[PDB]
Amino acid sequence: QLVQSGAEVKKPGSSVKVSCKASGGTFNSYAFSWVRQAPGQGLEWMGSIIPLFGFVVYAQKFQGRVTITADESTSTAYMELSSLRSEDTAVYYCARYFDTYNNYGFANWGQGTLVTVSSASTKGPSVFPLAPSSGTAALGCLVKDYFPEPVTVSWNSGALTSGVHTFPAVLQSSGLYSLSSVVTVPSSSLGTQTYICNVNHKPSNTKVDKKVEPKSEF
Amino acid sequence: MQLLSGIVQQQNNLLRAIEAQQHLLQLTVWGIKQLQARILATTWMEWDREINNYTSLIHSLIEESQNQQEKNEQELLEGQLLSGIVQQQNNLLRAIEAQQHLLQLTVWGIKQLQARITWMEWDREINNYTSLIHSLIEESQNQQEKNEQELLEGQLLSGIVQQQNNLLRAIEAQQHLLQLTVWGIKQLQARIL
Amino acid sequence: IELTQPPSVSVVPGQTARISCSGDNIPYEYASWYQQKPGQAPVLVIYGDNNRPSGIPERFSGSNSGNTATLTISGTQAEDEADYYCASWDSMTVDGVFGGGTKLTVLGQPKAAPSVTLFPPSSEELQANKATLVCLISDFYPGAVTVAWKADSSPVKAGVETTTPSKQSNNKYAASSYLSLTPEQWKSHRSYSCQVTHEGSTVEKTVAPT
């Protein structure tokens with residue numbers, strides 16, 4: 001029913017136009033709102049458009065900085081937000097109300113579009129081994145100072161699945177992300193099994209293999 | 001036989017048309033309130049109360065008509081059928097009456113906003129359909145009275161069938177009225193900002 | 001116009017949960033309710049005031065006295081754990097507003113202390129002229145935790161970044177904390193520690209320069 005365009009990464013001051021394609025019904029009988037959600041925060045109503053009339057209405061908070069349009073021939077609603085700043089980082093949903101004559105609630109929602117506003121630029125991670133030491137041991141890989149999300153981590157070319165745990169990224173005050181991935185392994189395997197984390201950061205075309213060896217007892 | 005089943009069937013269709021029309025009306029009411037805020041055009045507070053009051057009422061009527069439709073259909077699947085079919089015409093007539101008041105309030109809303117921002121053709125069309133509906137509603141009220149009176153004490157079947165034609169004409173005329181108010185809102189929005 | 005909900009509500013599984021939403025004048029049929037699970041779109045659960053959409057379990061119900069919308073869930077199940085929002089419209093200017101949301105907790109899952117692992121800086125990083133200690137924190141419930149760092153019995157404020165906890169795969173929580181130092185800073189203290197405090201009890205892991 002409602003499918004939105006994909007994640008956007010934006011510099012402060014610039015613009016973003018988020019689209020939402022509606023299928024399965026008659027476009028002229030729709031009512032649309034835009035709703036944003038900052039990470040860990042509540043839902044927030046931005047504005048509405050009734051496509052049959054084709055004029056948008058806005059919460060004053062967003063007055064003059066958001067433009068809401070609809071296109072009949074593509075069955076698409078749009079939301080443009082200009083002069084971006086960091087506090088604008090949020091997921092944006094298109095939502096549909098007046099499902100039936102008495103449904104004032106929002107019956108259908110798109111998947112959301114992530115908009116990230118940062119002054120940081122695309123950067124590949126530095127990968128460092130987290131060596132196992134002093135009967136299960138933990139070893140890992142520190143994926144440090146990259147932008148943007150996401151990074152993916154496998155172990156031993158995907159052959160190591162059990163005990164893998166990849167932690168969500170910390171956002172540092174430099175605007176760059178760092179992540180860690182650990183595997184729990186049989187202690188007695190450290191001098192025998194070789195362990196290699198495979199790190200993929202697609203945004204900057206980075207593939208890194210890091211061998212994680214046991215700390216020496218010397 | 002198939003005469004009464006065919007009447008229950010058409011009443012289902014008519015309630016569906018009223019639901020669909022209510023949906024469009026809702027849209028138009030929303031559109032006017034939205035334009036009211038942007039344009040800034042106390043007398044509007046009382047209009048907003050009448051809108052809300054008659055909108056609740058229409059929702060009640062639609063609901064009660066759904067309940068009566070089901071019972072009527074049960075009675076076929078199973079006197080009380082005739083009774084229910086007549087009650088189902090009174091419910092549809094009431095819905096049409098409340099929707100007509102709603103339409104008239106939306107027309108008023110449009111006129112107020114257009115006296116802030118040709119329309120003579122529109123006016124003429126509004127009046128023609130308003131007068132027609134007023135007259136179809138009045139004929140439906142007289143037939144309902146006649147049919148209720150007979151049901152207490154055929155002529156009944158004839159007026160039941162005639163009441164189906166009345167309701168259908170009124171709805172079809174309301175449809176035209178809706179298209180005109182939609183036109184009016186689109187014509188007003190196209191002029192702001 | 002503001003909708004206000006309690007930040008949190010907790011229910012024994014099988015008991016009935018109630019989430020209130022107070023406003024000035026919530027007109028009849030204007031109150032709607034939404035279920036939201038981490039990482040997912042909201043889902044309409046009640047509209048009108050007491051209407052459930054197709055596919056919504058019968059144990060969901062709503063009411064509206066004009067001053068308070070209430071969501072009710074009789075016989076609350078595990079899968080009913082989520083954030084709930086109410087929405088409504090301004091009567092005159094038809095703006096939408098949401099309640100602040102309510103975190104509903106279904107009780108039953110046992111307390112679990114965190115498993116914590118602390119790693120020192122690697123050689124390669126120290127050779128790259130940087131030093132970061134890594135504190136991994138997993139397998140805790142409920143999902144609230146506090147992290148403090150110490151260098152030789154003394155608390156360390158600067159260069160600490162910790163994530164806010166996330167739901168794992170089993171229904172436990174994970175978090176990570178990072179302390180940034182220069183190689184010189186690192187090499188001139190007997191030890192550093194990660195202190196993880198969970199439900200008023202603290203787990204400590206210590207690390208020391210080669």
Side-chain angles (χ1 to χ4, degrees), chain A residues 31 33 35 42-45 48 57 59 95 97-107, chain B residues 22 25-26 29-30 32-34 36-37 42-64 66-67 95 98 101-102 105 109, chain C residues 1-7 9 16-35 42 44-53 56 59-74 83-102 104:
Chain A
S33 295
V35 178
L43 301 163
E44 206 172 343
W45 183 85
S48 281
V57 134
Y97 60 116
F98 294 132
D99 183 48
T100 53
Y101 64 92
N102 66 164
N103 200 326
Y104 303 86
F106 309 97
Chain B
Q22 183 53 34
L25 244 177
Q26 203 67 243
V29 166
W30 224 246
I32 292 153
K33 294 173 171 193
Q34 289 179 342
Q36 161 55 200
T42 64
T43 63
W44 274 88
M45 307 183 305
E46 302 213 19
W47 172 91
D48 196 55
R49 177 145 20 81
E50 278 270 292
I51 292 289
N52 293 344
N53 291 348
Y54 276 75
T55 295
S56 303
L57 167 71
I58 305 153
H59 294 183
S60 263
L61 291 169
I62 286 162
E63 194 186 342
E64 186 55 41
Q66 284 165 353
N67 292 340
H101 196 41
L102 261 202
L105 295 167
Chain C
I1 287 173
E2 309 194 2
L3 304 184
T4 314
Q5 310 175 220
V9 172
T16 104
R18 288 189 221 79
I19 302 165
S20 62
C21 171
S22 69
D24 179 13
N25 167 231
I26 311 161
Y28 302 118
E29 273 185 323
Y30 271 44
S32 62
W33 292 90
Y34 303 89
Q35 198 188 49
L44 181 72
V45 293
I46 270 88
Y47 71 85
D49 289 329
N50 42 346
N51 294 311
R52 304 156 29 242
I56 301 292
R59 70 190 186 270
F60 288 95
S61 44
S63 71
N64 185 15
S65 59
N67 61 236
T68 300
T70 308
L71 191 76
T72 290
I73 312 166
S74 49
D83 288 328
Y84 291 87
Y85 298 85
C86 55
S88 190
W89 303 90
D90 183 302
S91 44
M92 274 290 266
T93 64
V94 293
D95 286 348
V97 74
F98 294 80
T102 301
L104 174 72

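As a basis for the values below, the full set of heavy atoms in this structure was taken, side chains included, without hydrogen atoms, waters or symmetry mates. Here is how names work: the chains are called A, B, and so on, in the same order as the sequence lines, proteins then strands, and each is numbered from 1.
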* **Atom pair CG (B/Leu102) and CD1 (B/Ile58), whose distance is rounded to the nearest 0.5 Å** => 3.5 Å

Enumerate donor-acceptor pairs with a distance under 3.5 Å from any side-chain N or O in residues 21-28 of chain C to protein atoms, sequence neighbours excluded.
none

* Check the side chains of C/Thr68 and C/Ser20 for a donor-acceptor pair under 3.5 angstrom, ignoring hydrogens and angles. => no

* Side chains of C/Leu71 and C/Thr102: closer than 4.5 Å at any heavy-atom pair? -> no

* Would A/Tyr104 and C/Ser88 count as a side-chain hydrogen bond (donor to acceptor under 3.5 Å, both in side chains) if you check the C-alpha gap in whole Å, the side-chain angles of each, and the deciding distance to 0.1 Å? -> CA-CA 8 Å; A/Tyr104 303 86; C/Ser88 190; over 6 Å; no

* Less than 4.5 Å apart, any side-chain heavy atom of B/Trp44 and any of B/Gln36? -> yes

* Asked: Is the distance between the ring centroids of B/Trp30 and A/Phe98 less than 6.0 Å?
  -> yes

* **Parallel, tilted or perpendicular: ring planes of C/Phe60 versus C/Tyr84, cut at 30 and 60 degrees** => tilted

* Using 30° and 60° as the class limits, which term best fits the ring planes of A/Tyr97 and C/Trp89: parallel, tilted or perpendicular? -> tilted

* Pairs flagged by side-chain hydrogen bond (donor to acceptor under 3.5 Å, both in side chains) wherever residues 51-60 of chain B is involved - sequence neighbours left out -> B/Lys33-B/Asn52, B/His59-C/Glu29

* Asked: Do you know the tightest heavy-atom contact between A/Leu43 and C/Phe98?
  -> O-CB, 3.7 Å

* Evaluate the side-chain proximity of B/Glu46 to B/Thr42: yes if any heavy-atom separation is below 4.5 Å, no if none is. => no

* Asked: Under the side chain to side chain donor-acceptor pair (under 3.5 Å) test, which residues partner A/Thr100, sequence neighbours left out?
  -> A/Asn102

